[PDB]
>>> print(open('target02.cif').read())   # mmCIF, N, CA and C atoms
data_target
loop_
_atom_site.group_PDB
_atom_site.id
_atom_site.type_symbol
_atom_site.label_atom_id
_atom_site.label_comp_id
_atom_site.auth_asym_id
_atom_site.auth_seq_id
_atom_site.Cartn_x
_atom_site.Cartn_y
_atom_site.Cartn_z
ATOM 1 N N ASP R 396 24.208 -26.809 -21.583
ATOM 2 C CA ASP R 396 24.466 -25.715 -22.510
ATOM 3 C C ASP R 396 25.856 -25.157 -22.250
ATOM 4 N N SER R 397 26.661 -25.069 -23.303
ATOM 5 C CA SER R 397 28.061 -24.685 -23.200
ATOM 6 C C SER R 397 28.336 -23.459 -24.056
ATOM 7 N N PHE R 398 29.214 -22.590 -23.555
ATOM 8 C CA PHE R 398 29.677 -21.438 -24.319
ATOM 9 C C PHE R 398 30.933 -20.877 -23.657
ATOM 10 N N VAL R 399 31.431 -19.780 -24.226
ATOM 11 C CA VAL R 399 32.610 -19.080 -23.731
ATOM 12 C C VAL R 399 32.272 -17.601 -23.621
ATOM 13 N N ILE R 400 32.571 -17.006 -22.467
ATOM 14 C CA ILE R 400 32.298 -15.596 -22.213
ATOM 15 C C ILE R 400 33.511 -14.972 -21.536
ATOM 16 N N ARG R 401 33.453 -13.653 -21.369
ATOM 17 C CA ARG R 401 34.535 -12.929 -20.723
ATOM 18 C C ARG R 401 34.556 -13.226 -19.225
ATOM 19 N N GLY R 402 35.677 -12.876 -18.592
ATOM 20 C CA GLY R 402 35.836 -13.163 -17.176
ATOM 21 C C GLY R 402 34.858 -12.407 -16.299
ATOM 22 N N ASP R 403 34.591 -11.144 -16.633
ATOM 23 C CA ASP R 403 33.743 -10.302 -15.801
ATOM 24 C C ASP R 403 32.254 -10.553 -16.003
ATOM 25 N N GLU R 404 31.863 -11.287 -17.042
ATOM 26 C CA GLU R 404 30.452 -11.490 -17.344
ATOM 27 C C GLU R 404 29.847 -12.696 -16.637
ATOM 28 N N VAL R 405 30.655 -13.504 -15.946
ATOM 29 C CA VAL R 405 30.137 -14.692 -15.280
ATOM 30 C C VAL R 405 29.124 -14.334 -14.203
ATOM 31 N N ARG R 406 29.179 -13.105 -13.684
ATOM 32 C CA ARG R 406 28.186 -12.666 -12.712
ATOM 33 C C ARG R 406 26.789 -12.626 -13.318
ATOM 34 N N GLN R 407 26.684 -12.331 -14.615
ATOM 35 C CA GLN R 407 25.380 -12.196 -15.250
ATOM 36 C C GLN R 407 24.692 -13.533 -15.495
ATOM 37 N N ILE R 408 25.396 -14.650 -15.345
ATOM 38 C CA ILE R 408 24.795 -15.976 -15.571
ATOM 39 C C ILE R 408 24.221 -16.416 -14.230
ATOM 40 N N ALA R 409 22.998 -15.963 -13.960
ATOM 41 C CA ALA R 409 22.290 -16.285 -12.728
ATOM 42 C C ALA R 409 20.823 -15.902 -12.867
ATOM 43 N N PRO R 410 19.916 -16.577 -12.162
ATOM 44 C CA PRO R 410 18.500 -16.198 -12.235
ATOM 45 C C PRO R 410 18.277 -14.778 -11.737
ATOM 46 N N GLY R 411 17.358 -14.078 -12.391
ATOM 47 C CA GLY R 411 17.033 -12.715 -11.999
ATOM 48 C C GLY R 411 18.192 -11.749 -12.103
ATOM 49 N N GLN R 412 18.998 -11.870 -13.151
ATOM 50 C CA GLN R 412 20.128 -10.984 -13.375
ATOM 51 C C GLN R 412 19.805 -9.984 -14.475
ATOM 52 N N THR R 413 20.581 -8.904 -14.506
ATOM 53 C CA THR R 413 20.420 -7.859 -15.504
ATOM 54 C C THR R 413 21.790 -7.408 -15.985
ATOM 55 N N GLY R 414 21.894 -7.148 -17.284
ATOM 56 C CA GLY R 414 23.140 -6.708 -17.877
ATOM 57 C C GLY R 414 23.063 -6.659 -19.387
ATOM 58 N N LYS R 415 24.102 -7.147 -20.057
ATOM 59 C CA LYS R 415 24.115 -7.259 -21.511
ATOM 60 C C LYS R 415 24.088 -8.698 -21.996
ATOM 61 N N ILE R 416 24.856 -9.584 -21.362
ATOM 62 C CA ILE R 416 24.821 -10.994 -21.731
ATOM 63 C C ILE R 416 23.505 -11.627 -21.302
ATOM 64 N N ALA R 417 23.017 -11.273 -20.112
ATOM 65 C CA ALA R 417 21.866 -11.956 -19.532
ATOM 66 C C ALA R 417 20.562 -11.665 -20.264
ATOM 67 N N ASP R 418 20.462 -10.535 -20.962
ATOM 68 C CA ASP R 418 19.213 -10.146 -21.599
ATOM 69 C C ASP R 418 19.268 -10.152 -23.119
ATOM 70 N N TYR R 419 20.454 -10.270 -23.717
ATOM 71 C CA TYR R 419 20.590 -10.244 -25.164
ATOM 72 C C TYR R 419 21.157 -11.523 -25.760
ATOM 73 N N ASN R 420 21.833 -12.355 -24.971
ATOM 74 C CA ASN R 420 22.430 -13.585 -25.478
ATOM 75 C C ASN R 420 21.889 -14.830 -24.797
ATOM 76 N N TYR R 421 21.823 -14.840 -23.468
ATOM 77 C CA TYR R 421 21.421 -16.027 -22.718
ATOM 78 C C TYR R 421 20.588 -15.586 -21.525
ATOM 79 N N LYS R 422 19.303 -15.932 -21.535
ATOM 80 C CA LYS R 422 18.372 -15.550 -20.482
ATOM 81 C C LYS R 422 17.981 -16.778 -19.673
ATOM 82 N N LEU R 423 18.097 -16.673 -18.353
ATOM 83 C CA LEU R 423 17.743 -17.787 -17.487
ATOM 84 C C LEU R 423 16.394 -17.545 -16.822
ATOM 85 N N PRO R 424 15.600 -18.594 -16.628
ATOM 86 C CA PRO R 424 14.317 -18.425 -15.937
ATOM 87 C C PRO R 424 14.516 -18.061 -14.475
ATOM 88 N N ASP R 425 13.518 -17.367 -13.922
ATOM 89 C CA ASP R 425 13.595 -16.936 -12.530
ATOM 90 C C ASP R 425 13.643 -18.124 -11.575
ATOM 91 N N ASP R 426 12.860 -19.166 -11.854
ATOM 92 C CA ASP R 426 12.806 -20.361 -11.021
ATOM 93 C C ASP R 426 13.715 -21.469 -11.542
ATOM 94 N N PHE R 427 14.822 -21.098 -12.183
ATOM 95 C CA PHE R 427 15.717 -22.077 -12.781
ATOM 96 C C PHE R 427 16.258 -23.033 -11.727
ATOM 97 N N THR R 428 16.199 -24.326 -12.030
ATOM 98 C CA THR R 428 16.793 -25.363 -11.203
ATOM 99 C C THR R 428 17.916 -26.033 -11.980
ATOM 100 N N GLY R 429 19.023 -26.296 -11.295
ATOM 101 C CA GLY R 429 20.193 -26.840 -11.950
ATOM 102 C C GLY R 429 21.482 -26.315 -11.354
ATOM 103 N N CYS R 430 22.515 -26.178 -12.179
ATOM 104 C CA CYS R 430 23.810 -25.747 -11.673
ATOM 105 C C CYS R 430 24.604 -25.099 -12.800
ATOM 106 N N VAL R 431 25.591 -24.290 -12.416
ATOM 107 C CA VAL R 431 26.456 -23.584 -13.352
ATOM 108 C C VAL R 431 27.909 -23.861 -12.988
ATOM 109 N N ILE R 432 28.719 -24.139 -14.009
ATOM 110 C CA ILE R 432 30.129 -24.469 -13.862
ATOM 111 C C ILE R 432 30.915 -23.516 -14.746
ATOM 112 N N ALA R 433 31.949 -22.898 -14.185
ATOM 113 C CA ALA R 433 32.753 -21.942 -14.934
ATOM 114 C C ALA R 433 34.223 -22.115 -14.590
ATOM 115 N N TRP R 434 35.077 -22.058 -15.610
ATOM 116 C CA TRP R 434 36.517 -22.089 -15.386
ATOM 117 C C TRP R 434 37.200 -21.246 -16.457
ATOM 118 N N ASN R 435 38.527 -21.196 -16.400
ATOM 119 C CA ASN R 435 39.312 -20.280 -17.215
ATOM 120 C C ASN R 435 40.133 -21.048 -18.239
ATOM 121 N N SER R 436 40.195 -20.510 -19.456
ATOM 122 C CA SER R 436 40.964 -21.111 -20.540
ATOM 123 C C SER R 436 41.735 -20.042 -21.299
ATOM 124 N N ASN R 437 42.384 -19.134 -20.564
ATOM 125 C CA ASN R 437 43.205 -18.111 -21.204
ATOM 126 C C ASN R 437 44.358 -18.736 -21.979
ATOM 127 N N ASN R 438 44.984 -19.765 -21.410
ATOM 128 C CA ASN R 438 46.076 -20.461 -22.079
ATOM 129 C C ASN R 438 45.614 -21.316 -23.255
ATOM 130 N N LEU R 439 44.309 -21.507 -23.436
ATOM 131 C CA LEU R 439 43.788 -22.290 -24.550
ATOM 132 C C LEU R 439 42.961 -21.464 -25.523
ATOM 133 N N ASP R 440 42.038 -20.642 -25.029
ATOM 134 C CA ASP R 440 41.107 -19.919 -25.883
ATOM 135 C C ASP R 440 41.595 -18.521 -26.246
ATOM 136 N N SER R 441 42.800 -18.148 -25.831
ATOM 137 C CA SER R 441 43.387 -16.861 -26.178
ATOM 138 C C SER R 441 44.705 -17.083 -26.904
ATOM 139 N N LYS R 442 44.939 -16.288 -27.944
ATOM 140 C CA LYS R 442 46.130 -16.400 -28.772
ATOM 141 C C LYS R 442 46.874 -15.073 -28.796
ATOM 142 N N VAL R 443 48.196 -15.156 -28.972
ATOM 143 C CA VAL R 443 49.024 -13.954 -29.012
ATOM 144 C C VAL R 443 48.616 -13.053 -30.170
ATOM 145 N N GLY R 444 48.137 -13.637 -31.267
ATOM 146 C CA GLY R 444 47.599 -12.860 -32.360
ATOM 147 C C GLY R 444 46.176 -12.395 -32.165
ATOM 148 N N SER K 938 -41.132 14.627 19.356
ATOM 149 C CA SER K 938 -40.214 15.613 19.915
ATOM 150 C C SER K 938 -38.944 14.964 20.458
ATOM 151 N N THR K 939 -39.092 14.039 21.403
ATOM 152 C CA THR K 939 -37.934 13.426 22.040
ATOM 153 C C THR K 939 -37.223 12.493 21.070
ATOM 154 N N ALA K 940 -35.913 12.671 20.941
ATOM 155 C CA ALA K 940 -35.079 11.834 20.100
ATOM 156 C C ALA K 940 -34.304 10.845 20.969
ATOM 157 N N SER K 941 -33.380 10.112 20.344
ATOM 158 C CA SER K 941 -32.506 9.149 21.012
ATOM 159 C C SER K 941 -33.279 7.996 21.647
ATOM 160 N N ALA K 942 -34.518 7.769 21.216
ATOM 161 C CA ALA K 942 -35.304 6.641 21.695
ATOM 162 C C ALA K 942 -35.120 5.388 20.850
ATOM 163 N N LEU K 943 -34.403 5.485 19.731
ATOM 164 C CA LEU K 943 -34.193 4.352 18.840
ATOM 165 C C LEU K 943 -32.706 4.063 18.697
ATOM 166 N N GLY K 944 -31.992 4.036 19.823
ATOM 167 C CA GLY K 944 -30.546 3.920 19.773
ATOM 168 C C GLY K 944 -30.048 2.611 19.194
ATOM 169 N N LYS K 945 -30.843 1.546 19.299
ATOM 170 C CA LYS K 945 -30.363 0.225 18.896
ATOM 171 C C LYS K 945 -30.183 0.127 17.384
ATOM 172 N N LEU K 946 -31.198 0.536 16.619
ATOM 173 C CA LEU K 946 -31.104 0.452 15.165
ATOM 174 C C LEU K 946 -30.033 1.394 14.626
ATOM 175 N N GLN K 947 -29.963 2.608 15.176
ATOM 176 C CA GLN K 947 -28.919 3.542 14.778
ATOM 177 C C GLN K 947 -27.540 2.982 15.096
ATOM 178 N N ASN K 948 -27.403 2.320 16.245
ATOM 179 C CA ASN K 948 -26.131 1.705 16.605
ATOM 180 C C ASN K 948 -25.752 0.610 15.620
ATOM 181 N N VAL K 949 -26.722 -0.212 15.213
ATOM 182 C CA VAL K 949 -26.440 -1.273 14.247
ATOM 183 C C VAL K 949 -25.962 -0.675 12.928
ATOM 184 N N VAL K 950 -26.672 0.349 12.444
ATOM 185 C CA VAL K 950 -26.296 0.983 11.183
ATOM 186 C C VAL K 950 -24.904 1.594 11.284
ATOM 187 N N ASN K 951 -24.626 2.288 12.391
ATOM 188 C CA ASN K 951 -23.320 2.910 12.572
ATOM 189 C C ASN K 951 -22.214 1.868 12.631
ATOM 190 N N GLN K 952 -22.460 0.747 13.310
ATOM 191 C CA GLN K 952 -21.457 -0.309 13.387
ATOM 192 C C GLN K 952 -21.138 -0.858 12.005
ATOM 193 N N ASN K 953 -22.174 -1.144 11.212
ATOM 194 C CA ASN K 953 -21.941 -1.666 9.868
ATOM 195 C C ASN K 953 -21.164 -0.665 9.020
ATOM 196 N N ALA K 954 -21.580 0.604 9.054
ATOM 197 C CA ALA K 954 -20.916 1.621 8.246
ATOM 198 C C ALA K 954 -19.464 1.798 8.664
ATOM 199 N N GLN K 955 -19.200 1.815 9.972
ATOM 200 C CA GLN K 955 -17.837 1.987 10.459
ATOM 201 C C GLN K 955 -16.955 0.807 10.076
ATOM 202 N N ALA K 956 -17.481 -0.416 10.180
ATOM 203 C CA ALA K 956 -16.698 -1.585 9.793
ATOM 204 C C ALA K 956 -16.341 -1.534 8.314
ATOM 205 N N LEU K 957 -17.318 -1.206 7.465
ATOM 206 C CA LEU K 957 -17.025 -1.100 6.038
ATOM 207 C C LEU K 957 -16.018 0.012 5.767
ATOM 208 N N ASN K 958 -16.165 1.144 6.459
ATOM 209 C CA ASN K 958 -15.275 2.276 6.240
ATOM 210 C C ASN K 958 -13.840 1.938 6.616
ATOM 211 N N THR K 959 -13.634 1.271 7.755
ATOM 212 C CA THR K 959 -12.266 0.929 8.138
ATOM 213 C C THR K 959 -11.690 -0.162 7.243
ATOM 214 N N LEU K 960 -12.525 -1.097 6.779
ATOM 215 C CA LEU K 960 -12.038 -2.088 5.827
ATOM 216 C C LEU K 960 -11.548 -1.421 4.551
ATOM 217 N N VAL K 961 -12.283 -0.419 4.065
ATOM 218 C CA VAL K 961 -11.828 0.320 2.890
ATOM 219 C C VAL K 961 -10.575 1.128 3.214
ATOM 220 N N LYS K 962 -10.531 1.736 4.402
ATOM 221 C CA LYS K 962 -9.391 2.557 4.800
ATOM 222 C C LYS K 962 -8.100 1.754 4.849
ATOM 223 N N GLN K 963 -8.190 0.459 5.154
ATOM 224 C CA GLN K 963 -6.981 -0.344 5.316
ATOM 225 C C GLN K 963 -6.153 -0.441 4.037
ATOM 226 N N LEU K 964 -6.719 -0.081 2.882
ATOM 227 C CA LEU K 964 -5.987 -0.184 1.623
ATOM 228 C C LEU K 964 -4.766 0.724 1.571
ATOM 229 N N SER K 965 -4.748 1.803 2.346
ATOM 230 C CA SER K 965 -3.682 2.792 2.270
ATOM 231 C C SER K 965 -2.489 2.463 3.159
ATOM 232 N N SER K 966 -2.514 1.340 3.868
ATOM 233 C CA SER K 966 -1.422 1.000 4.764
ATOM 234 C C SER K 966 -0.209 0.512 3.976
ATOM 235 N N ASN K 967 0.926 0.442 4.669
ATOM 236 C CA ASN K 967 2.198 0.055 4.073
ATOM 237 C C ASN K 967 2.578 -1.388 4.366
ATOM 238 N N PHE K 968 2.318 -1.860 5.587
ATOM 239 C CA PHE K 968 2.602 -3.237 5.996
ATOM 240 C C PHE K 968 4.083 -3.582 5.871
ATOM 241 N N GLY K 969 4.951 -2.582 5.995
ATOM 242 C CA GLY K 969 6.380 -2.808 5.959
ATOM 243 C C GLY K 969 7.010 -2.789 4.585
ATOM 244 N N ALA K 970 6.227 -2.602 3.528
ATOM 245 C CA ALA K 970 6.771 -2.530 2.179
ATOM 246 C C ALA K 970 7.319 -1.127 1.930
ATOM 247 N N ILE K 971 7.655 -0.832 0.674
ATOM 248 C CA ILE K 971 8.193 0.481 0.335
ATOM 249 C C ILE K 971 7.117 1.466 -0.107
ATOM 250 N N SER K 972 5.933 0.986 -0.478
ATOM 251 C CA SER K 972 4.853 1.862 -0.909
ATOM 252 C C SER K 972 3.534 1.122 -0.734
ATOM 253 N N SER K 973 2.444 1.882 -0.787
ATOM 254 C CA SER K 973 1.106 1.340 -0.608
ATOM 255 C C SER K 973 0.363 1.130 -1.920
ATOM 256 N N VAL K 974 1.015 1.348 -3.058
ATOM 257 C CA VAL K 974 0.388 1.202 -4.366
ATOM 258 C C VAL K 974 1.239 0.269 -5.219
ATOM 259 N N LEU K 975 0.572 -0.651 -5.919
ATOM 260 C CA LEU K 975 1.283 -1.698 -6.647
ATOM 261 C C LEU K 975 2.023 -1.146 -7.859
ATOM 262 N N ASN K 976 1.454 -0.136 -8.519
ATOM 263 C CA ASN K 976 2.040 0.355 -9.764
ATOM 264 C C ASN K 976 3.416 0.966 -9.534
ATOM 265 N N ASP K 977 3.579 1.723 -8.446
ATOM 266 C CA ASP K 977 4.883 2.310 -8.149
ATOM 267 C C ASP K 977 5.924 1.232 -7.879
ATOM 268 N N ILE K 978 5.545 0.186 -7.142
ATOM 269 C CA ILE K 978 6.469 -0.911 -6.877
ATOM 270 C C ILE K 978 6.854 -1.607 -8.175
ATOM 271 N N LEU K 979 5.875 -1.847 -9.048
ATOM 272 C CA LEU K 979 6.156 -2.528 -10.307
ATOM 273 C C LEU K 979 7.050 -1.686 -11.210
ATOM 274 N N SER K 980 6.827 -0.374 -11.247
ATOM 275 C CA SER K 980 7.531 0.512 -12.161
ATOM 276 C C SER K 980 8.758 1.164 -11.534
ATOM 277 N N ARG K 981 9.298 0.590 -10.459
ATOM 278 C CA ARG K 981 10.511 1.124 -9.858
ATOM 279 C C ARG K 981 11.522 0.056 -9.468
ATOM 280 N N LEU K 982 11.202 -1.226 -9.627
ATOM 281 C CA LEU K 982 12.119 -2.301 -9.280
ATOM 282 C C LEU K 982 11.953 -3.446 -10.266
ATOM 283 N N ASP K 983 13.006 -4.248 -10.386
ATOM 284 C CA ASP K 983 12.921 -5.488 -11.131
ATOM 285 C C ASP K 983 12.154 -6.531 -10.315
ATOM 286 N N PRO K 984 11.657 -7.583 -10.966
ATOM 287 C CA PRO K 984 10.773 -8.550 -10.284
ATOM 288 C C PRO K 984 11.360 -9.159 -9.017
ATOM 289 N N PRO K 985 12.671 -9.484 -8.954
ATOM 290 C CA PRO K 985 13.153 -10.272 -7.797
ATOM 291 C C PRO K 985 12.729 -9.763 -6.423
ATOM 292 N N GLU K 986 12.751 -8.453 -6.177
ATOM 293 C CA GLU K 986 12.246 -7.921 -4.916
ATOM 294 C C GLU K 986 10.825 -7.383 -5.018
#
>>> encode(input="target02.cif", output="structure tokens")
Amino acid sequence: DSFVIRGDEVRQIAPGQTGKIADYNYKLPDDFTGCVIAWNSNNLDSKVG
Amino acid sequence: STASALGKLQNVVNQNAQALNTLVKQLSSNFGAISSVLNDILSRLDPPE
């Protein structure tokens, strides 16, 4: 599963988390097995306009 | 007139009653948790702890 989020919201992508992204957009199971990968694309996904 | 001649049966009854009473009493202990009642724990913390 792929998406783009703000820099400060990456903390909410974890089992048993609470916030705004974790409960309204993407909810993870408590016993989730797998892995999470995150990197930065300010030079690609952000524009001067 | 003379009492205390039937100590054995009274002792058996007292032992049974005391064992049941202490088994019931044990419900109020803490056992190292934050409270002795489940509802307060459920209604004051998120599931992870």
>>> resolve_selection(input="target02.cif", expression="the PyMOL selection byres ((chain R and name CA) within 10 of (chain K and name CA))", output="list in words")
residues 410, 411, 412, 413 and 425 of chain R
>>> atom_distance(input="target02.cif", atom1="CA of residue 419 (chain R)", atom2="atom C of residue 396 (chain R)")
16.1 Å
>>> residues_around(input="target02.cif", residues="residue 417 (chain R)", least_positions_apart="6", cutoff="7 Å", atoms="all atoms listed in the file", output="VMD selection string")
chain R and resid 407 to 409 423
>>> atom_distance(input="target02.cif", atom1="atom N of residue 402 (chain R)", atom2="CA of residue 435 (chain R)")
8.4 Å
>>> select_by_dssp(input="target02.cif", residues="chain K", states="helix (DSSP H, G or I)", output="ChimeraX atom specification")
/K:944-965,975-979
>>> axis_aligned_box(input="target02.cif", around="region 956-965 of chain K", padding_each_side="3 Å", output="lines of an AutoDock Vina configuration file")
center_x = -10.0
center_y = 0.4
center_z = 5.9
size_x = 21.0
size_y = 10.9
size_z = 14.6
>>> atom_distance(input="target02.cif", atom1="atom N of residue 441 (chain R)", atom2="atom N of residue 424 (chain R)")
28.7 Å
>>> build_atoms(input="target02.cif", residues="region 969-984 of chain K", atoms="N, CA, C and O atoms", output="PDB file, keeping the file's coordinate frame")
ATOM      1  N   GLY K 969       4.951  -2.582   5.995  1.00  0.00           N
ATOM      2  CA  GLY K 969       6.380  -2.808   5.959  1.00  0.00           C
ATOM      3  C   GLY K 969       7.010  -2.789   4.585  1.00  0.00           C
ATOM      4  O   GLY K 969       8.233  -2.951   4.484  1.00  0.00           O
ATOM      5  N   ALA K 970       6.227  -2.602   3.528  1.00  0.00           N
ATOM      6  CA  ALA K 970       6.771  -2.530   2.179  1.00  0.00           C
ATOM      7  C   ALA K 970       7.319  -1.127   1.930  1.00  0.00           C
ATOM      8  O   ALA K 970       7.448  -0.311   2.844  1.00  0.00           O
ATOM      9  N   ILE K 971       7.655  -0.832   0.674  1.00  0.00           N
ATOM     10  CA  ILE K 971       8.193   0.481   0.335  1.00  0.00           C
ATOM     11  C   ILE K 971       7.117   1.466  -0.107  1.00  0.00           C
ATOM     12  O   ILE K 971       7.366   2.679  -0.109  1.00  0.00           O
ATOM     13  N   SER K 972       5.933   0.986  -0.478  1.00  0.00           N
ATOM     14  CA  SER K 972       4.853   1.862  -0.909  1.00  0.00           C
ATOM     15  C   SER K 972       3.534   1.122  -0.734  1.00  0.00           C
ATOM     16  O   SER K 972       3.501  -0.096  -0.554  1.00  0.00           O
ATOM     17  N   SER K 973       2.444   1.882  -0.787  1.00  0.00           N
ATOM     18  CA  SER K 973       1.106   1.340  -0.608  1.00  0.00           C
ATOM     19  C   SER K 973       0.363   1.130  -1.920  1.00  0.00           C
ATOM     20  O   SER K 973      -0.816   0.768  -1.894  1.00  0.00           O
ATOM     21  N   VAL K 974       1.015   1.348  -3.058  1.00  0.00           N
ATOM     22  CA  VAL K 974       0.388   1.202  -4.366  1.00  0.00           C
ATOM     23  C   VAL K 974       1.239   0.269  -5.219  1.00  0.00           C
ATOM     24  O   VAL K 974       2.472   0.358  -5.221  1.00  0.00           O
ATOM     25  N   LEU K 975       0.572  -0.651  -5.919  1.00  0.00           N
ATOM     26  CA  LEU K 975       1.283  -1.698  -6.647  1.00  0.00           C
ATOM     27  C   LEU K 975       2.023  -1.146  -7.859  1.00  0.00           C
ATOM     28  O   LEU K 975       3.098  -1.643  -8.213  1.00  0.00           O
ATOM     29  N   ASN K 976       1.454  -0.136  -8.519  1.00  0.00           N
ATOM     30  CA  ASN K 976       2.040   0.355  -9.764  1.00  0.00           C
ATOM     31  C   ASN K 976       3.416   0.966  -9.534  1.00  0.00           C
ATOM     32  O   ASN K 976       4.335   0.763 -10.336  1.00  0.00           O
ATOM     33  N   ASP K 977       3.579   1.723  -8.446  1.00  0.00           N
ATOM     34  CA  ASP K 977       4.883   2.310  -8.149  1.00  0.00           C
ATOM     35  C   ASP K 977       5.924   1.232  -7.879  1.00  0.00           C
ATOM     36  O   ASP K 977       7.071   1.341  -8.325  1.00  0.00           O
ATOM     37  N   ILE K 978       5.545   0.186  -7.142  1.00  0.00           N
ATOM     38  CA  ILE K 978       6.469  -0.911  -6.877  1.00  0.00           C
ATOM     39  C   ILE K 978       6.854  -1.607  -8.175  1.00  0.00           C
ATOM     40  O   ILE K 978       8.026  -1.933  -8.399  1.00  0.00           O
ATOM     41  N   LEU K 979       5.875  -1.847  -9.048  1.00  0.00           N
ATOM     42  CA  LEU K 979       6.156  -2.528 -10.307  1.00  0.00           C
ATOM     43  C   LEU K 979       7.050  -1.686 -11.210  1.00  0.00           C
ATOM     44  O   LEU K 979       7.946  -2.219 -11.874  1.00  0.00           O
ATOM     45  N   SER K 980       6.827  -0.374 -11.247  1.00  0.00           N
ATOM     46  CA  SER K 980       7.531   0.512 -12.161  1.00  0.00           C
ATOM     47  C   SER K 980       8.758   1.164 -11.534  1.00  0.00           C
ATOM     48  O   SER K 980       9.218   2.199 -12.030  1.00  0.00           O
ATOM     49  N   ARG K 981       9.298   0.590 -10.459  1.00  0.00           N
ATOM     50  CA  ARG K 981      10.511   1.124  -9.858  1.00  0.00           C
ATOM     51  C   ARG K 981      11.522   0.056  -9.468  1.00  0.00           C
ATOM     52  O   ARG K 981      12.613   0.410  -9.013  1.00  0.00           O
ATOM     53  N   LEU K 982      11.202  -1.226  -9.627  1.00  0.00           N
ATOM     54  CA  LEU K 982      12.119  -2.301  -9.280  1.00  0.00           C
ATOM     55  C   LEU K 982      11.953  -3.446 -10.266  1.00  0.00           C
ATOM     56  O   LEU K 982      10.909  -3.601 -10.903  1.00  0.00           O
ATOM     57  N   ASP K 983      13.006  -4.248 -10.386  1.00  0.00           N
ATOM     58  CA  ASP K 983      12.921  -5.488 -11.131  1.00  0.00           C
ATOM     59  C   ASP K 983      12.154  -6.531 -10.315  1.00  0.00           C
ATOM     60  O   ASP K 983      11.995  -6.387  -9.101  1.00  0.00           O
ATOM     61  N   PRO K 984      11.657  -7.583 -10.966  1.00  0.00           N
ATOM     62  CA  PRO K 984      10.773  -8.550 -10.284  1.00  0.00           C
ATOM     63  C   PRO K 984      11.360  -9.159  -9.017  1.00  0.00           C
ATOM     64  O   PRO K 984      10.606  -9.358  -8.052  1.00  0.00           O
TER      65      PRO K 984
END
